[PDB]
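A structural walkthrough
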Amino acid sequence: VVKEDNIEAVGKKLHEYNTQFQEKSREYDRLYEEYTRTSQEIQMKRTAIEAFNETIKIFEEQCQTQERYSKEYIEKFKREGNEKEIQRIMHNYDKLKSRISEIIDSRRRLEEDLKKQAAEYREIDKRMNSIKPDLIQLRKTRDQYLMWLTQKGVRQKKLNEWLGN
Amino acid sequence: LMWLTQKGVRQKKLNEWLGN
Amino acid sequence: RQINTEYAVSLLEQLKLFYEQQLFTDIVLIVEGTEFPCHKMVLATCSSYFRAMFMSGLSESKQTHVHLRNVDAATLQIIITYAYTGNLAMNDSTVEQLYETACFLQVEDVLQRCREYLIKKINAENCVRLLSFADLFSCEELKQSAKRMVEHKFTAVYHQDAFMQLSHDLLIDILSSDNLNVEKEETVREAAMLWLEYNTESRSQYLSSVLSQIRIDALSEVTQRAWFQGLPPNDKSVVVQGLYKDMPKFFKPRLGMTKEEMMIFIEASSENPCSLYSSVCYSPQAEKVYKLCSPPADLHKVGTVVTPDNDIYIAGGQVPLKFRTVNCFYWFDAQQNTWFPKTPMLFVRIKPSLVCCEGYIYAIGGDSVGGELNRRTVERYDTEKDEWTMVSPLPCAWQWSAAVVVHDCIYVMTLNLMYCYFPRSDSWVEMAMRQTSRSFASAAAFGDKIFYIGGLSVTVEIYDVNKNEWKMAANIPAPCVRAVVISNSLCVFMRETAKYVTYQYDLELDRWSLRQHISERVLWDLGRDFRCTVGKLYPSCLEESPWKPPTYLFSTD
């Protein structure tokens, strides 16, 4: 307690330490809430990217099913000199390729969203890693002062009023 | 205290129980 | 100071008296042979059409006889009666012709009144006709409202004759909308097929535009059935609220492929003091709670009812004293998350037992005991007619009674007695009494058996509709219980004063099995007076607000 004994001045310090500690607990549980929301975010985004993956897989399955149709029932729809009948797989092919391209672009959008949210989460995750040693150090200093400065004529109600501001 | 007390007991009843 | 209202109404009533006796009649309107003497000033002040016709200074302002064509005599009389009074007789039989005459005459007041009346009169039987009317007359608000109504109940209205007589633009703007409430794309495909085959000689050229709007390569929820259901418990709902959003809107799963069965909690107490009577809906499948803007007038004490067609309604209740009791009836728009009011009830009620029977919603009791015959009154509402009809009242005055519906029959239970109502007979029949006298109990119809659970001490009492006998089953595994049927299985959402957990009951084995725990990660204290029900809602665009830190009680030590 910076070798002080005014008692009243020593108590004023206790109130400054009160502020420091309280501010930390608020930012501490705020960082915990941020950790939880980022956790559920990457879980929702991984259930979305694996859905994207399985949809791309089944779309490639449809793409090879088009090649299967090019030998199953294409014999009666290409040698008759007609183009409107074949649109059920031919006009359903070019737009499927465009769908593949645009869902690949969407997957790239989800990947850049993933990396940007990971960056904005790690830029504060390192703050958590650095604020916790300082937090526990401040709490240890508060506990050490609570074993000396508090027994110099302050009341528990006074401590509650100091920590409640 | 979170469970049984909130059924239909009185705080005064709790004081009489803890005062015996 | 300015225009005095005291002389204004006297001048208006004097003008009406002069018009009734035909004084100073300067113009004579001829409609299909019928003559109408009237004043040019009144028609100019009321209708801008007559104003422009008279202020042109041509022979129309000099000739006393003006022939108006394509105008109905009754509609013109209503316009002129309104022109000399201010009362508009708007009925559901002649509202469209009145609106047509008004738009032909450009009466801003009559136009706005008919527009708002048609907007508050969109049901599931005239939506398509009103949409075609608004498209023909270019009314953007009515057009949007009718389009939303069609998108809400497309699978129920695509069979009407008005749907096959729609224009090309209406079809291409309805089919292209992602708000189609359909469980499968085959329904929309068959709708397009029947539309194109209704009149082939005139629509043979539109087959390409028809096929270009129906999503064929979408494969919304079949691809999940191909690979597997392998995920965290029932995580297909996460794919619904994920893949749908990010989609080029050509292969988008329609809104009907997005509805999920969620436990609808209304009047659920909220941590936020301002809304101490909030309403949230926890999804058992998605394991997520979604915020609702349920209160339309910050009131409470309103009942809940979910029709088999998945429609939500609230009625009764009282607003804070600006606690005056009201009659407002609100229907929930599952797409816009906003309640639209309906025709108010005939008698004010507080938490009325609202149940759906044979397409009608019945208001049973739910009011303080006032008057012998004045209380115990039962009233039902007609959905398409937007009206309330009184029925045989309750035999005795009860309190905290529940109501269910089984096999199109109405059942209300009380302390120890039970009465069954038959709409075909409109009478009350006392049924098998219960061995226990209890209050505040919850009831839910499941199959051919009515479950009576509660008492304020929990006992599961099973009634048989086919046997008219009560048999005991078990006790609620525990008390604040909410018996609701979901996933085609009877369940009870119990709140252990608070802990939340849902149990599943076996009807054959007469045993209650633990179904799913509701961790305190979300779903905070919802109080005890909250009403609960089961309904399907779109989480896609309902609301997104967690409001609750899933972790607390720091363990760093």
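Residues numbered from 1 in each chain as written, not as in the entry; some residues may be left out. Chains lettered and ligands numbered in written order. Part of a larger assembly, values for the part shown. Heavy atoms only, no water. Residues with missing side-chain atoms left out of burial classes, pairs and counts.

Per the PDB record, the structure was determined using cryo-EM to 7.52 Å resolution.

Once that is clear, we can look at the overall build of chain A. Counting its secondary structure elements, chain A contains 3 helices and 0 strands. Going from the N terminus to the C terminus, chain A shows its helices and strands as α-α-α. For chain A, the C-alpha radius of gyration of 33 Å lies well beyond 15 Å, the compact-globule estimate for 165 residues. Considering only C-alpha atoms, chain A reaches an extent of 105 × 25 × 20 Å along its principal axes. (Helix = DSSP H or I, 4+ residues; strand = E, 2+ residues; numbered from the N terminus. Rg over C-alpha atoms; globule rule 2.2 N^0.38 Å.)

This part takes up the overall build of chain C. Assigned secondary structure in chain C consists of 16 helices and 28 strands. Considered along the principal axes of its C-alpha atoms, chain C spans approximately 90 × 65 × 60 Å.

In globular proteins that are soluble, nonpolar side chains generally tend to be buried together. All names here are of chain C. Counting residues in each nonpolar core, the largest one holds 71 residues, and the members touching the most others are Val 110, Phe 154 and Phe 163. When residues in this core are grouped by element, the largest group, 7 residues, is from helix α7 (residues 127-137). Setting aside its immediate chain neighbours within four residues, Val 110 contacts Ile 79, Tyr 82, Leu 88 and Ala 102. Listed in part, the 23 residues of the second largest apolar core include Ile 264, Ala 286, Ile 314 and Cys 328. (Core = buried A, V, L, I, M, F, W, Y, C linked by side-chain atoms within 4.5 Å. Buried < 20%, exposed > 50% of the residue type's maximum accessible area, 1.4 Å probe, protein only. Contact = heavy atoms within 4.5 Å.)

What follows deals with the interface of chain C and chain A. Each partner contributes to the interface: chain C provides 23 residues, whereas chain A provides 23 residues. Sorting the residues of chain C by area buried against chain A places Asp 217, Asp 246 and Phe 251 of chain C first, and these three jointly supply 22% of that buried surface. Inspection of the chain C/chain A interface yields 2 salt bridges. For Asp 217 of chain C, the salt bridge goes to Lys 95 of chain A, with nearest N and O atoms at 2.9 Å. Inspection of the chain C/chain A interface yields 3 residue pairs in polar contact. At the level of elements, α15 (223-227) and α16 (236-243) of chain C are the ones that each hand at least two residues to the side of chain C that touches chain A. Tallying contributions element by element places α16 of chain C first for the side of chain C that touches chain A, with 4 residues. Classifying every residue of the side of chain C that touches chain A gives 15 nonpolar, 4 polar and 4 charged. (Buried area = accessible area lost by both parts, 1.4 Å probe. Salt bridge = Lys/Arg side-chain N within 4 Å of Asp/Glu carboxyl O. Polar contact = N/O pair within 3.5 Å; in protein donor to acceptor, adjacent residues only side chain to side chain. Nonpolar A, V, L, I, M, F, W, Y, C, P; charged D, E, K, R; others polar.)

Okay, the UniProt feature "domain: BACK" in chain C next. Feature annotation in UniProt assigns "domain: BACK" to the following positions: residues 127-223 of chain C. Within residues 127-223 of chain C, the helical portion is 66% and the strand portion 0%, while the C-alpha atoms at the span's ends are 34 Å from each other. (UniProt positions renumbered as here; feature names shortened; annotations may be inferred.)

This next bit is on the UniProt feature "domain: BTB" in chain C. In the numbering adopted here, UniProt assigns the feature "domain: BTB" to residues 25-92 of chain C. For residues 25-92 of chain C, helix accounts for 38% and strand for 19%, while the C-alpha atoms at its two ends are 32 Å apart.

Moving on, we come to helix α11 (residues 168-175) of chain C. Residue and element names in this part refer to chain C. Taken together, the buried positions of α11 are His 168, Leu 170, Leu 171, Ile 174 and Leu 175. Buried residues in α11, looked at end-on, bunch into an arc of 165°, giving them a common side. Of the surrounding elements, those touching the buried residues of α11 are α7, α8 (140-152), α9 (154-157), α10 (161-164), α12 (185-198) and α14 (207-211). (Arc of directions from axis to C-beta.)

This next bit is on the sheet that holds strand β16 (residues 402-406) of chain C. Residue and element names in this part refer to chain C. Across the sheet, 4 strands lie side by side as β16-β17-β18-β19; this open sheet has antiparallel pairing. The open sheet terminates on both sides in strands that have one partner only, identified here as β16 and β19 (427-430). Between one strand axis and the next, the sheet turns by 25° as a mean value, whatever way the strands run. (Pairing = 2+ DSSP bridges. Axes fitted to C-alpha atoms, helices over the stretch in contact; angles between N-to-C directions.)

Attention shifts here to the pattern of salt bridges. Residue and element names in this part refer to chain C. Under the counting rule described, the total for this entry stands at 17 salt bridges over all chains. Among the ionic pairs, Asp 525 bridges to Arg 495, the shortest N-O distance being 3.1 Å. Residue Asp 525 is classed as partly exposed on the basis of its relative accessible area, which comes to 37%.

With that out of the way, let us pick up the packing of helix α1 (residues 8-72) of chain A against helix α3 (residues 156-164) of chain A. All names here are of chain A. Two elements in contact, α1 and α3, have axes whose closest approach is 8 Å; the angle formed by their N-to-C orientations is 50°. Looking at the two axes, α1 sits oblique to α3. As for the relative orientation of α1 and α3, their crossing is right-handed in sense. Residue-level inspection shows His 15, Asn 18 and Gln 22 of α1 in contact with α3, the latter providing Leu 159, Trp 162 and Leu 163. Residue composition of the contact of α1 with α3, by class: 3 nonpolar, 3 polar and no charged. (Parallel < 35°, antiparallel > 145°, perpendicular 65-115°, else oblique. Left-handed = near helix turned anticlockwise from the far one by under 90°.)

What follows is about the sheet that holds strand β1 (residues 27-31) of chain C. All names here are of chain C. In spatial order, the strands read β2-β1-β3; together these 3 strands make up an open sheet with mixed pairing. Taken across any chain shown, the strands that pair with only one partner, and hence form the sheet edges, are β2 (34-38) and β3 (65-67). Strand after strand, the sheet turns through a mean of 25° between neighbouring axes, direction not considered. Inspection of the sheet shows β1 paired to β2 by 5 bridges, in the antiparallel sense. Among the inter-strand pairings, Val 31 is bridged to a residue of β2, identified as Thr 34. Taken strand by strand, helix α4 (residues 73-84) contacts β1 and β2, and its axis lies near 15° from that of β2.

A separate point is the packing of helix α5 (residues 95-105) of chain C against helix α6 (residues 108-119) of chain C. Residues and elements named next belong to chain C. Close contact between α5 and α6 brings their axes to 9 Å; oriented N to C, the two are set at 150°. Taken together, the axes of α5 and α6 lie roughly antiparallel to each other. For the element pair α5 and α6, the recorded crossing hand is left-handed. Here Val 95, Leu 98, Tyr 99, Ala 102 and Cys 103 of α5 lie close against α6, whose contacting residues are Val 110, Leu 111, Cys 114, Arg 115, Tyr 117 and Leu 118.

What follows concerns the pairing of strand β4 (residues 260-268) of chain C. Residue and element names in this part refer to chain C. Counting buried residues in β4 gives 8 out of 9 residues, a clear majority hidden from the surface. Pairing between β4 and strand β28 (residues 531-537): 7 bridges, direction antiparallel. Residue pairing in the sheet places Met 263 in a bridge with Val 534 of β28. Direction of pairing for β4 relative to strand β5 (residues 278-283): antiparallel, over a ladder of 4 bridges. Looking across to β5, one finds that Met 263 is bridged to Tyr 282.

Residue and element names in this part refer to chain C. Taking 1.5 Å per residue as the helical rise, α12 with its 14 residues ought to reach 20 Å, and the 20 Å between its terminal C-alpha atoms agrees with that figure. The set of residues buried in α12 consists of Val 188, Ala 191, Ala 192 and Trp 195. The buried residues of α12 occupy an angular sector of 95° when the element is viewed end-on, so they sit on one face. Buried residues along α12 sit against α9, α10, α11, α13 (200-203) and α14. (Expected span 1.5 Å × (residues − 1).)

What follows concerns unusual backbone geometry. All names here are of chain C. The phi dihedral of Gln 106 is positive, around 60°, even though this residue is not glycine. Note on placement: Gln 106 falls in the loop between α5 and α6. We classify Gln 106 as partly exposed; its relative accessible area is 30%.

Residues and elements named next belong to chain C. A complete count under the given rule lists 30 aromatic pairs over all chains for this structure. Seen from their ring centres, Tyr 19 and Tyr 84 are 4.2 Å apart, and the 25° between their planes marks the pair as stacked. Highlighted residues: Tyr 19 in helix α1 (residues 5-20) and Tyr 84 in helix α4, separated in sequence by 65 residues. Pair check on accessibility: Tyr 19 and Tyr 84 agree, each one buried. Ring centres of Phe 250 and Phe 251 lie 4.8 Å apart, and the angle between their planes is 80°; this geometry places the pair in the edge-to-face category. Residue classification places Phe 251 among the buried positions, given a relative accessible area of 3%. Aromatic rings pair up to connect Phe 265, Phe 493, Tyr 500 and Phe 530 into one cluster. Positioned over the ring face of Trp 195 is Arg 203, at 3.7 Å from the centre of the ring. The ring of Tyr 244 has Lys 252 lying over it, and the distance from NZ or CZ to the ring centre is 3.6 Å. (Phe/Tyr/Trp six-rings, centres within 6.5 Å; stacked < 30°, edge-to-face > 60°. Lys NZ or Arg CZ within 6 Å of the ring centre and 35° of its normal.)

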